[PDB]
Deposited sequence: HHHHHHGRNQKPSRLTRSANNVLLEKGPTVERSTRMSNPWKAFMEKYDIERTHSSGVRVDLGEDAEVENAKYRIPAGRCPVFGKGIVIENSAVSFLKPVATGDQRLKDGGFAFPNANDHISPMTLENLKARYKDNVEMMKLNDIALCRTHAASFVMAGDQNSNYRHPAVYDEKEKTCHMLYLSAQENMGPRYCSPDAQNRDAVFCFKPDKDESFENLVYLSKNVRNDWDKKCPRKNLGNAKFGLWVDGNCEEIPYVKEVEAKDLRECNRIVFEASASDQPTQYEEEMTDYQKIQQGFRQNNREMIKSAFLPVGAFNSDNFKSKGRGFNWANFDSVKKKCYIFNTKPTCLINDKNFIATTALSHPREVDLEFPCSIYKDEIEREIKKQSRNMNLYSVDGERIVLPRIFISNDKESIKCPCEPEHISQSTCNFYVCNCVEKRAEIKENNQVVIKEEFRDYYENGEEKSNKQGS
């Protein structure tokens, strides 16, 4: 008969979209770790996943934020956020030179390109902080195969009244089209981000909540117009988890090339820890972007939908829904007449409805769902999947 144990065949698959647990820091603004350097206090990015397509837009400036910081006799707006390019061994470095530099390190040579750039950037200690937690974030350019170290950690200065409606340094994180190939990397990004973190958007799929043997719609979502996946991915990046809290003195520090003043600029001396509107379902037909702040725990198979996260690439789409996930797991749980608590499959007979299974019209896998069964869990408010009262004590 039916198992009484609950089972989610999506648990492993869905781990990388649990941004609170896998990333654990701000997405739009990442300033989740504190660091002291020579008795000054800094905030620095700490998320463990990369952010594909993120850069810093400097308003009223055509200069790319990957240009080195502007010090000396130039204005702040003439430069960007990157390390001054004075030393070929520090920043920036091409993949080819990264590979040569660490050719004799076996572990380094096992890293993928992105993790190699992160490890190079994050491994640098400043000669005067050898005991400090401060390590610089990096931007890896996948098109140019180039690793840029960021000299300062600030990501947003849009607040001060001087940033409200031209000759002042105002900037914000964004997924500008110029940034499409860029990867934003804190010091903590996992070397196995490809297995553990979001990257590609999920085609023929929308995020759902697993409720006792079937993937269900997220009831509380916010609808936003979006012309395409890119716009939906940008919208949810603007709404995602954020850690964000005299200009003339700041400009004097840059002119004077003052390390403390530059690196602490635009940071006021809290932490999202990954919580926010991090996920979105994109209706490709109705041109709608449905963002939500609840961790998803499964995917619904829908040919009209693409599932995106704030961390995901702006446009890469993996189209192959895992159609065998239910059938494989039902066979896996049979090894434990004990039939698992899974009421969806592409094999009709593998479920054994007390009635006739219903085909999902937008299922590319031709999934059938058994809705004529006792359900032992439900969705409370704020998208909270809770065990029903009749079984709460029993579980």
{"property": "Missing CA stretches, deposited numbering from 1, N-terminus first", "result": "1 to 30, 196 to 200, 281 to 288, 313 to 319, 387 to 400, 460 to 471"}
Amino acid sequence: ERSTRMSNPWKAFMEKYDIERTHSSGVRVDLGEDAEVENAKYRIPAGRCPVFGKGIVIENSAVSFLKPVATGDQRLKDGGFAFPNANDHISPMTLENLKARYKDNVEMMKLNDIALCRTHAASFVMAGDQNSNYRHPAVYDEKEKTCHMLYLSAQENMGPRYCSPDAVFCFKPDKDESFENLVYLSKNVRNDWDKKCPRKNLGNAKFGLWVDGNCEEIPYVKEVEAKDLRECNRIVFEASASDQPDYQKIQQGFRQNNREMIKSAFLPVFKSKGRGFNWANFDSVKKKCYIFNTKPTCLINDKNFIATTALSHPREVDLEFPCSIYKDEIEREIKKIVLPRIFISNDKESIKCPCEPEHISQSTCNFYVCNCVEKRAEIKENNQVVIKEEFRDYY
From here on, numbers count along this sequence of modelled residues.
| query | finding |
| --- | --- |
| Higher-scoring stretch by recorded Cα B factor average, 204 to 212 or 156 to 164 | 156 to 164 |
| Stretch with the higher entry mean CA B-factor, where the candidates are 214 to 222 and 134 to 142 | 214 to 222 |
| Member of 309, 91, 105, 191 with the greatest C-alpha B factor (per the PDB record) | 105 |
| Among 28, 67, 48, 352 - the residue whose C-alpha B-factor is largest in the record | 352 |
| CA B-factor placement of residue 341, once the chain's modelled residues are sorted into thirds | highest |
| Residue 19 - which third its CA temperature factor falls in, relative to the rest of the chain | lowest |
| Ranked against its chain, the third holding the CA B-factor of residue 79 | lowest |
| Position of residue 248 among the chain's modelled residues by C-alpha B-factor, lowest, middle or highest third | highest |
| Third of the chain's Cα B-factor distribution that residue 270 belongs to, per the entry | highest |
